[PDB]
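Worksheet: the structure to be examined is printed underneath.
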Amino acid sequence: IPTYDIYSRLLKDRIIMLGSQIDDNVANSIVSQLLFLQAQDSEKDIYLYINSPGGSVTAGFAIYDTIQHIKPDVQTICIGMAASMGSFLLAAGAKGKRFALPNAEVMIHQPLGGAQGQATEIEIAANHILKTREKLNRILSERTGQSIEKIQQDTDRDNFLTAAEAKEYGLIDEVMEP
Amino acid sequence: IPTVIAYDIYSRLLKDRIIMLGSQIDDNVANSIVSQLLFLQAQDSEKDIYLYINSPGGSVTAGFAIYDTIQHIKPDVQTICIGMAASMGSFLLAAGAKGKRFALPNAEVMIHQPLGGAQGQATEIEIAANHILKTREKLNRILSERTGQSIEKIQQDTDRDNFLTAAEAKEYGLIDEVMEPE
Amino acid sequence: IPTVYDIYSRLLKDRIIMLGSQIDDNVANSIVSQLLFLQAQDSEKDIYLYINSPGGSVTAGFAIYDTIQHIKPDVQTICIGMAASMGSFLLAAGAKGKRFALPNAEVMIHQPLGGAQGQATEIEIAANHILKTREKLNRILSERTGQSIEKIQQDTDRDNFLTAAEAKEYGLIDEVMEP
Amino acid sequence: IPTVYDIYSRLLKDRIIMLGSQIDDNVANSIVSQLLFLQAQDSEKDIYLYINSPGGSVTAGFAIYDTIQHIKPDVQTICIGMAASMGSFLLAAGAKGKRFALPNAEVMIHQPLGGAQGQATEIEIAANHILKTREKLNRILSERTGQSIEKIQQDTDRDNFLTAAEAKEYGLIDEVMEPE
Amino acid sequence: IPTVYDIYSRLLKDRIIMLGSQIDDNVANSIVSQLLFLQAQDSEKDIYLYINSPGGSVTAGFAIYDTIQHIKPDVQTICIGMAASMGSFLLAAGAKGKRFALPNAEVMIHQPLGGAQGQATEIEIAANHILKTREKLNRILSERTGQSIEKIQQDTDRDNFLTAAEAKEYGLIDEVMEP
Amino acid sequence: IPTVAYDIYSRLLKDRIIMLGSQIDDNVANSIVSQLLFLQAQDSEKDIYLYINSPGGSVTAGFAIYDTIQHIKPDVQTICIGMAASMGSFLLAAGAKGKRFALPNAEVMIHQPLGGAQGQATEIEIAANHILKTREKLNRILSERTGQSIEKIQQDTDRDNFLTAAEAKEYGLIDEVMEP
Amino acid sequence: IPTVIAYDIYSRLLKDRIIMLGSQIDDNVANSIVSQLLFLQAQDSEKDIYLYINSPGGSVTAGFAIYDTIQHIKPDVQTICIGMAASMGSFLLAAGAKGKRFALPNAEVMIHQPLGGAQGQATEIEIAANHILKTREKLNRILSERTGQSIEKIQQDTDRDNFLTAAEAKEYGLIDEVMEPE
Amino acid sequence: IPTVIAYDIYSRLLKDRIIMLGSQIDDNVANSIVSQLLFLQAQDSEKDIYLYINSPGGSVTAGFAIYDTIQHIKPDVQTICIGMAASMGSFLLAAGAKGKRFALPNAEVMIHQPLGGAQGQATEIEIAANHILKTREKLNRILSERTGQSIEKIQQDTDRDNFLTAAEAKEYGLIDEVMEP
Amino acid sequence: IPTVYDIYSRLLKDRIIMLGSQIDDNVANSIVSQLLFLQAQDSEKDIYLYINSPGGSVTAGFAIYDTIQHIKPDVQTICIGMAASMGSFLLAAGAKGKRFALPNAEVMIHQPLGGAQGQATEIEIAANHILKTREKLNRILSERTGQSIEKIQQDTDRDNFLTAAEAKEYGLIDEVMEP
Ligand SMILES: *[B]([O])([O])[C]([C][C]([C])[C])[N]C(=O)[C]([C]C1=[C][C]=[C][C]=[C]1)[N]C(=O)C1=[C]N=[C][C]=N1
Ligand SMILES: *[B]([O])([O])[C]([C][C]([C])[C])[N]C(=O)[C]([C]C1=[C][C]=[C][C]=[C]1)[N]C(=O)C1=[C]N=[C][C]=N1
Ligand SMILES: *[B]([O])([O])[C]([C][C]([C])[C])[N]C(=O)[C]([C]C1=[C][C]=[C][C]=[C]1)[N]C(=O)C1=[C]N=[C][C]=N1
Ligand SMILES: *[B]([O])([O])[C]([C][C]([C])[C])[N]C(=O)[C]([C]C1=[C][C]=[C][C]=[C]1)[N]C(=O)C1=[C]N=[C][C]=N1
Ligand SMILES: *[B]([O])([O])[C]([C][C]([C])[C])[N]C(=O)[C]([C]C1=[C][C]=[C][C]=[C]1)[N]C(=O)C1=[C]N=[C][C]=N1
Ligand SMILES: *[B]([O])([O])[C]([C][C]([C])[C])[N]C(=O)[C]([C]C1=[C][C]=[C][C]=[C]1)[N]C(=O)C1=[C]N=[C][C]=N1
Ligand SMILES: *[B]([O])([O])[C]([C][C]([C])[C])[N]C(=O)[C]([C]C1=[C][C]=[C][C]=[C]1)[N]C(=O)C1=[C]N=[C][C]=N1
Ligand SMILES: *[B]([O])([O])[C]([C][C]([C])[C])[N]C(=O)[C]([C]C1=[C][C]=[C][C]=[C]1)[N]C(=O)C1=[C]N=[C][C]=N1
Ligand SMILES: *[B]([O])([O])[C]([C][C]([C])[C])[N]C(=O)[C]([C]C1=[C][C]=[C][C]=[C]1)[N]C(=O)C1=[C]N=[C][C]=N1
C-alpha cells in the first residue's frame, strides 16, 4: 500500500502475501507470481505467507497445483489464521517448510455450497460437492499422514486448531519461534 | 368476492359440496381444503364431493395433506380440472375418485419432477438431495398406481416440463373423461 | 364499493357478472364460481357477462371460456370500455347472436406473450408450448368469428385495435349496442 | 366512511353517484354497475353524477360514457372541485340542459397522454392508436359542446384551464349552479 | 375508532361533521356527501363542521366550500387545534356569525404551493394557473374577512400564524368560544 | 377462508378439532393454547383432536402448547398430515399415548434446535449454554415419549432426519399409521 | 496485482507470451484476449503462445471471438487449465493446438448445454429458441471435431452439468495430457 | 488491461492502425472511435485501417457518427467481425471498404429494425414515431446500397431479429469474405 | 481512453476539441479551458469543435457560446451523429461559413425545459426566468440562422428533427461535408 507498493517490494525477494479470501482473481494473481518467480530462478525457495479465511475450492486448487508443478520449493507460513481452503494451502507447502507463528490459528472443515432446481439437478450438485470433499480429504491425508477416515470425522464441523495442534496434526512442520 | 342471499360465493358453493382449488398449494391452502373435506364428510359421509382444480402446483407436503385426506374420507371426491393443473395440481387431479376425474376440453395438464434447493455443508446438501430424490420416488409410485403407467415411464416423462392437452391427459390415465358441454 | 349486498352482489342477483380487471387465476375462480352458481339457480335463463378487461393469463381465460361453453344457459357478452387480448377472446366466446359492444368500446387482438429462461432444452419446451397455445387460440377464434385461421394469424402478429363496428365486421361480436 | 349504509350507499338510495377520484377500470366498473342498478330500479327518474376527478383511463372513461348514453334515465352531471381530462369529458356527457358546475369549480381540457416502447413498427402502432383515440374524443366533444373539431384540437394542444363561467361559454356545461 | 355506529357516524346523527385530516379529493367527497345528506334530512337545521386540518388541495377545498354555500342549512365552523392553509379558508367559509375557534386553536394563512415541470410553455401555463388560483382565493377571503385583497396578498406572502383572538380581529372567525 | 356463522376452522372447533397448520410462534401458540383451554372448559373429559401440518418454529412457543396438552384433563389426539418437522414433530409425539397418528404419506422430520448469539464472549457463552440446555430438555422428553434412548435421540437429531409415517411408527413418534 | 522491475504481473507474463484468461468471458474480456493474441502474433508469428484458463465460462459469442482468433493466427496456442474450465471455458480449453492442451492434475472441467432467455411475443420466443438451438448445434459440432466424440454423445453428455476430472477430460479428448509436476 | 513498453494493449494496436470495437455503441464509444479514425488519417492518409467489430449494437446516431467518419476519411477502413455484429454493429460491419468487409468463420451477424420509446402527449408520441420511422427508412436505404438488396427485402428481413452465419452474411452482401485460417 | 496523451489530448495538439456528451458545468469548463488554451497557443489559427451531443444546461452552453465569440480564432463546428437542443445551438454558433454536418448527422431544435416548485410567487419567478431564457436563445438563433424570431418560436414549440440538408436550408450550418 505504501508506494513499488510494499507487496511488489516483497515479491522482489520471492515473498508472496496471501491476506484475503481466495477467489479466482486472487488465485490468478498468486499463480502468476509463482510462475514469474520460477522463471526468474528455478532453484531458489519461494515464501508464501497465508492469512486467509478460505474461499473457492477450484481457485485454491489453481494455487495448489501450481505450487506442486513448479520447480522451486514453496515455504508456507501461517500468520493470523489459515481457515478452510487457507489451511489446505498451508498444508500444501514443501514438506519440512510449512510453518505457523505461535498464536496463529488453523481451522479445517468440510466444503460448503448450494444447489437449486430440479431433483435431478440437486443430485448432480450433491454428487459434485461430495466428490470434491473426497478429493480434498485424499490430498489432506497424503499431506498430513492422517487417515482419510480421520480427516472426514475431524472436518464434519468447524475444527479450530492452535499452531501446536496443527503441527501435531501434520498440517505444518514447525511452530516458528522468535 | 361477491355475496349471495349471507355467504361469499365460495361458501355458497361449499354448501353444495363443491370445493374450489384455484391457487398455488401451500400449507394455508391445504389446511383450508382439508378442513372443508373433513367438514363435508361430517355433514354426509355418502354424497360425492366436487373438487375443482385450477392450480400451478406448490408444496409437495401440502399437496400430500390434501391427497391423504381425499383417500381417507368416505365420500368420493370427483376432480375437475379447469384452466390448468400443473405439478402438484395435476397430481391432485389424478388422485380423484376412479371414474370421476375430469378435465374441460381446453384445460391443460402439466407434469414434471419436484424442485427444491439445498445450501450449507456437503453433508447437509447430501441429506437434502436424498430427501428430494426419495420424494420423487414416492410421487412416481403413486402416479403409477393412479394412471396405470409404469414408474419408469413416469420418470422419463417428468424429467422436463411435460404439457398435455385434456385428451392427452385422458390417454395418459391422469383423468377418466374429457367433460363435454351439457 | 357501495352497499344496497355490495353493488356487484346485487347485480349477480339479476344474473349479471362484471369482469372488470386483468384475468388471473383468482379472477377466473370467482367468475367460474358465479357462472356455476347461476346455472344451479336457473339453468334456462340467460346470464350477462360485462367485459372491461386488458386480458391476462391464457389458462385462467380458458377456465372461464370452458365454463361458459359447458353450462346450459346462454352467456351474453357485453364489451364496455375495452376488451383486449384474453378479454376479446372471452367477448367472442359469448352465445352466438348475443355478443355485444357499446359504440365507443374498443377491442384489441394480438398473439400470446410469455417468457422462457434456462437451458436451450428448456427454452425449446417453453417455445413449443406457447406456439401450441397460439394455434389453439387461433383455431377457436376462427370458429367463433368465421375468419380463417390464416387471417387470424396475420391479424394478431402485432397489436390490432378495432372499433366496435370493426369488431362486428370481424365477427368478434354480433351487434353494436345502440342507446 | 361514515355509517347511516355507508354515506355513499345512502346517497345511491337517492339516485346520486359520487365520482371523486381518478378514473380507472375499478372506478368505471363500479360507476357502470351503479348506473345499471339505478336504471333497473326506475328507468324514468333522473340520476345525479357528481364529478370531482383529475381524469384517468380513456377506455375506463368510455365505459362510463357509453353507459350514460345507453340507459333510459337522464344523467345530470355536476362538477364540484375540478373536472380535468377524462373528468371534463364525462361532465360534458351529461344530459343536455342538465350539466352543471358550482361557481368555483374548475374544468381542464387537454389531449390524451400515453407511452410506447419497442420496435419502430410497435411505436407506429401505438402512435396511430393514441391519435385515433384523440380524434374520437375530439369528435364527441365537438358534438357535445357545439365547437368545431378544429377549435377543440387547438384548445387541447396544451393544458387548458377554464372557470365554471368559461366552461358554460364553451358548451361543456349548461349552467353554473348558484346558491339555493 | 370506538363504537356506540362508530363515533363519527354517531356525531353525524346530530348534524356534526368532523374534518380532522388533510383535505384531498377523498376527504372532500366524504364531507360533501355528508353535507348533502344532512340537507336532505332537514334543510332548516344548522350543521356543525369541526375543523382540525393542515390544509390540502385547493380544488378539493373548493368542492367543500361551494357545497357549504350551495345548501340551505347554515354551516357553523369550529376550529380546534389548527386550521391551516385550505383549512383556514374553510373556517372562514362558515355561516357569518357562526364561525368559531377554541381559545388555544391556531390559524395559519399563506399563499398556494405547487409545482411545474416540462417545456417553458408548460411551465408558463402552470404558473398562470396557480397565480389565477391565488387571485381567486384572495378575492373570496377578502369577501369573507372584510380585509382588502391587497392586505390579504401581503399577509399571505409567507406563513402567517394567528392566535384565535387574532383570527377574530382579522375576520376569519366571529367569536372565540369560551368554556 | 370459507364460512358455514362460522369460519371453517371455528366450525371444526365446535367438534373439538384444532388445526395447527403453520409455523409455531407466540401468536400461534397463544391461539392453540386458548383453544385447548376453551375445549377443556366445554367438556373436561372428551377427547380433543389436534391436526398438525407444521414446519416447526419457536421452542418456547412449542412448549406453551406442549405443557398445555399435558396439563388439561382431556386426551389430545395428534394427527400428522403433510409434514410434522422440528417442533411440529415434537408436538406430534406429545399427543396422548395410543392416540398419535400420521396419514400414510405424511412426513416427519426431527433435528436439533437452531439459534443465534451475538455480543461479548460472556454473552455468547450464556446463549450457548441456554440452547444446549434447551436441546437436552427436548431430547429427554422425546426419549420418554418414544421409548428410544437419549443417546439414540442425540444421534438421530444431529442433522435433519426425515421419516416416513411407517418409520415414525417404528421409531415411536406415533402409535399408528391412519389407513383409509 | 503486484508490479515487477515497470510491469504489473500480467503484463510481465505477456512479455513471455503468456495470456491469463482468469474470469468470466464477456465482450470486454474477449476484446483484451483477442488483442493480446494479435499483438503476440505480430511480435513473432512462429513462437508458441500459452493461454492459461481458469474460467467459469460466459458469453458464447465472446468465446467465439477468442476461438476464431486462436484458429486464425499462425502461432500454436497452448491451453492450460488451472482450477476450473467450465462451459465456454472448457470449450476454449479444447480449442488449443492439438497436442498442446493441458490441465493440471486437480483442475476441473465442466461441460453443459447453453443457457439463455427469451421474452415477448410467441413469434419472438420462437426466434430466440431457434437461435439458441442452432448455437448449441454449432458448439456440439466443433466440440465433436476437437474431441473425437460423436455429436450424439456430446449432446447426451451436455444435457445437464457434467463435471470431469483432468484425467477424465483427457479420456474425453478435451485435453491431450495431464501436466504432471516438473 | 495489459501494458506493452509504455502503451496499453489497445494503444499498441492503434500504433498499427487497428481499432477495436468491443462494446455497445454509445456517444462515448463513438467519440473515441471517431477520434482514433481522425488520428490514423492524420498519421497516414494512404494506409488501410482495420476495425474489428464485436458489438451488440447501440445508439443509431452514435453509430452514424462512426459511419460518416469512415466514409469521410481518405484511408480504406477494413471491417472484421469477430464474435457478433448485431444491430448497429452489423450496420457498421457493412460500412467497411467494399471488398474489405470480413467475418471470422463462427462469427454471427444479426440485423433488425430500430428500437425506441416515446412518452407524453399524443402529439409528442406522433413526433417520436415519425422520427424513428424516418430513421428506419434512412438505415434501410443505406443498407440496401451497401448490400445490394432491395429496400423492400431489407424491410422484410429486419421486421424481427434475423440471425445470420458468416456464410449467410456474405451471401447477403453484409460482408465480402469469410476469413479462413 | 487509448493511451501512452489520451486520444483526445493528441487531437487537442492539432486544435481539435471533441464534444461528445451532454453539456453540463463540468463539460463546459473543460471545453472553455481548451478554447482559452488554444487561443493562447496561437490566436490566428482555426479551432475545430466536433459536436455529438444531446444538449444540456443552458447556462453551461452559454459558457461555451460566449467563449467561442470572445476568442480571436475562428471556431469551426462539425456535427457528427446528433446535435440536439443546446448542442444544435452551439453548432449554429461556429464561425460563419465554417459550420458543418456530416451527411447522416441529425440536428434537433426545441424550446428549453425546466422545473419549478414552491409558492405561487416562486413558480412565477421561475416561469419568468425560463421564458426570458427562451427569448434570449431565440434572438441569438435568429441572428445566427437568418430566420425570424417568430419562425424560431414556432419551429421549437415541439421537438423538431432536421436532416443535415434541412439544417443547412434552415441556416444552422453552412455546408454538408461530403466525402
Ligand atoms: B472453505 O470454507 O474455504 C472451503 C474449502 C475447503 C478446503 C473446505 N470452501 C468452500 O467450501 C467453498 C465455498 C464457496 C462457495 C461458493 C463460492 C465461493 C466459495 N466451496 C466451493 O468452492 C465448492 C462448492 N460446491 C462445490 C464445489 N466447490
Ligand atoms: B410442483 O412444481 O408443483 C411440484 C410438485 C410435483 C413434482 C408433484 N412441487 C415442487 O417441486 C415443490 C416446489 C416448492 C419448493 C419450495 C416451496 C414450495 C414449493 N417442492 C417441494 O415441495 C419439495 C422440495 N424439496 C424437497 C421436498 N419437497
Ligand atoms: B393477453 O395479452 O391477455 C394474452 C391472451 C391472448 C393472446 C388470447 N395473454 C398472454 O399472452 C399471457 C400473458 C401473461 C404472461 C404471464 C402472466 C400472465 C399473463 N400468456 C400466457 O398466459 C401464456 C400461456 N402459455 C404460455 C405462455 N404464456
Ligand atoms: B386525462 O389526462 O385523463 C386523459 C383523457 C382526456 C384526453 C379525455 N387520459 C389520458 O390521456 C390517459 C392517461 C393514462 C395512461 C395510462 C394509464 C392511465 C391513464 N390515456 C389513455 O387512456 C390512453 C393512452 N394511450 C392510448 C389510449 N388511451
Ligand atoms: B394549503 O397549503 O393547503 C393551500 C391552500 C390555500 C388556501 C393557500 N393548498 C395548496 O397550496 C395546494 C398544495 C397541494 C396539495 C395537494 C396536492 C397538490 C397541491 N395547491 C393546490 O391545490 C394547487 C392548485 N392549483 C395549482 C397548483 N397547486
Ligand atoms: B425447529 O426447527 O422447529 C426447532 C425445534 C426443536 C424441537 C428441534 N426450533 C428451533 O430450533 C428454534 C428456531 C428459531 C430461532 C429463532 C426464532 C424462532 C425459531 N430455536 C429456538 O426456538 C431456540 C433457539 N435458541 C434457544 C432457544 N430456543
Ligand atoms: B456457459 O455456461 O458458459 C455457456 C457456453 C457453452 C459452451 C455451454 N454459455 C452460455 O450458455 C451463455 C450464457 C449467457 C447468457 C447471457 C449472457 C452471457 C452468457 N449463453 C449465450 O451466450 C447464448 C444464449 N442464448 C443464445 C446464444 N448464446
Ligand atoms: B440496435 O439494436 O443496436 C439498433 C440499431 C439499428 C441499426 C437497428 N439500435 C436502436 O434501435 C437504438 C436503441 C437505443 C435506444 C435508446 C438508447 C440507446 C440505444 N435506437 C435508437 O438509437 C433510436 C431510437 N429512437 C429514435 C431514434 N433512434
Ligand atoms: B436542451 O434540452 O439542451 C435545452 C437547450 C435549448 C432550448 C437550446 N436545455 C434545457 O432546456 C435545460 C434542461 C436542463 C434542466 C435541468 C438540468 C439540466 C438541463 N434547461 C435549462 O438549462 C434551464 C435554464 N433556465 C431555466 C430552466 N432550465
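Because only heavy atoms are used, hydrogens play no part in the values below, and waters and symmetry mates are left out as well, while side chains stay in. Read the numbers this way: they start at 1 and go in the same order the structure lists the ligands and their atoms. In what follows, chains are A, B, ... by sequence order, proteins preceding strands, each numbered from 1.
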- Item | Atom indices of ligand 6, in the order listed, that fall short of 4.0 Å to a heavy atom of F/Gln112 | 8 (C)
- Message: Does the protein place a non-hydrogen atom closer than 4.0 angstrom to atom 5 (C) of ligand 8?
- Response: yes
- Query: Between C/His110 and C/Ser85, is any pair of side-chain heavy atoms under 4.5 Å apart?
  - Reply: yes
- Got a protein heavy atom sitting under 4.0 Å from atom 17 (C) of ligand 8? no
- Query: By number and element, which atoms of ligand 6 are closer than 4.0 Å to a non-hydrogen atom of F/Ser58?
  - Reply: 19 (C), 22 (O)
- Validation row: H/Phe91, H/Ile142 side chains within 4.5 angstrom (heavy atoms): yes
- Query: Between F/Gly56, F/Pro113, F/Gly57, which one has a non-hydrogen atom sitting closest to atom 9 (N) of ligand 6?
  - Reply: F/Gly57
- Query: Considering only protein heavy atoms, which is closest to atom 25 (N) of ligand 8, and at what distance to one decimal place?
  - Reply: H/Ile132 CD1, 3.7 Å
- May I ask you to test the C/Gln117-C/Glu122 pair for a side-chain heavy-atom distance under 4.5 Å? no
- Give a yes or no on whether a salt bridge exists between H/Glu137 and H/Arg141, defined as a side-chain N under 4.0 angstrom from a carboxylate O. no
- Message: With a 4.0 Å cut-off on N to O distance, would you call B/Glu108 and C/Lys136 a salt bridge?
- Response: yes
- Task: Apply the test side-chain contact (heavy atoms from CB on, under 4.5 Å) to residues H/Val109 and H/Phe163: give CA-CA distance (whole Å), side-chain angles for both, the deciding distance (0.1 Å), then the verdict.
- Result: CA-CA 6 Å; H/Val109 178; H/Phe163 294 94; over 6 Å; no
- Message: For atom 24 (C) of ligand 8, which of the options H/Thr61, H/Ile111, H/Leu115 provides the nearest non-hydrogen atom?
- Response: H/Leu115
- Task: For ligand 6, note which part of F/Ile24 has a heavy atom under 4.0 Å away: side chain, backbone, both or neither.
- Result: neither
- Of the listed options F/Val59, F/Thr134, F/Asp25, closest to atom 21 (C) of ligand 6 (non-hydrogen atoms): F/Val59
- Quick one: nearest non-hydrogen protein atom to atom 2 (O) of ligand 8, plus distance? H/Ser87 OG, 2.2 Å
- Query: N/O of F/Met87 under 3.5 Å from N/O of ligand 6, yes or no?
  - Reply: yes
- Message: Evaluate H/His112 for polar contact with ligand 8, using N/O atom pairs at a separation under 3.5 Å.
- Response: yes
- Query: Is C/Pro54 close to D/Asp25 at the side-chain level, that is, under 4.5 Å between some pair of heavy atoms?
  - Reply: yes
- Task: Taking the side chain as every heavy atom from C-beta outward, state whether C/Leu172 and C/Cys79 have any pair of such atoms under 4.5 Å apart.
- Result: no
